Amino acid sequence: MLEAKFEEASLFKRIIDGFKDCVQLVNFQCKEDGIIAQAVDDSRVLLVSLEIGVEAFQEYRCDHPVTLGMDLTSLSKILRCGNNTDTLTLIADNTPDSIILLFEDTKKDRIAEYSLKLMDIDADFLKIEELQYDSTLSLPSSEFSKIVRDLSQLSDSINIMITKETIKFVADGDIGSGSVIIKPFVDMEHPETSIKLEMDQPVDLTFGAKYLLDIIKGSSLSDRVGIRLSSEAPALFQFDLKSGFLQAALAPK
């Protein structure tokens, strides 16, 4: 039986919106260790993954490894149905055909219960990460998101080129071309605005615009974003959070 209780429902809503437009119909898996999720879009180019630890809740309980597939559009349609200041509780049992979400106010004057009919999803999972990549950077999520949104207006292709102490974003389309160049710096005044880069091998990889625009929707989850790039493996974007992370994998071109 699954009895999870978030401290606040806002976290779960933001997490769902972090890859809502990325992939739909994600098959979560709940264990006694935490909640994970892995999904691939219809085009099979983006691999989105979720990990939520026990510490992200004020009270978590589980006694059966359950697998729960549901529609992200309908799930987000339900997640907006609770007063944001209330507390959210996920409820499921052994071999279920629906998941139940309980919204409770502090003094229990109102109680909202929503039942969501599940979906039959093929239980397939993918593990492709390694310990080190050709280059590894970390930059503020808002800055990276604005960079992507700026370059998406020019073309449907965004190139990233990383050399020693140099990160470059190129985009060439019909109306013209654009280039954003950032350099690593460990600023003492503000550590969060600092861009960090570890350089092992130069990188020059082209990605799509739509997939990055959907990826950057996890900007509300973290202040920073960590990108791992290698010539052989897919680019790895990662947003960290309180005992958990969202991890997108995008194949270059």
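Note that residue numbering follows the sequence shown and begins at 1.
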{"query": "155-163 set against 105-113, stretch whose average Cα temperature factor tops the other in the entry", "finding": "105-113"}
{"query": "Of 12-20 and 231-239, the one with larger mean CA B-factor", "finding": "231-239"}
{"query": "Out of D172, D86, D150, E143, residue topping the C-alpha B-factor column of the entry", "finding": "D86"}
{"query": "From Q58, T206, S219, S49, residue of greatest CA B-factor", "finding": "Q58"}
{"query": "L213 CA temperature factor, ranked by third within the chain", "finding": "lowest"}
{"query": "Third of the chain, ranked by Cα B-factor, where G176 sits", "finding": "middle"}
{"query": "Where the record places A37 (Cα B-factor, split into thirds across the chain)", "finding": "lowest"}
{"query": "Cα B factor band for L90 (lowest, middle or highest third within the chain)", "finding": "lowest"}
{"query": "B-factor third for the C-alpha atom of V26 within its chain", "finding": "middle"}
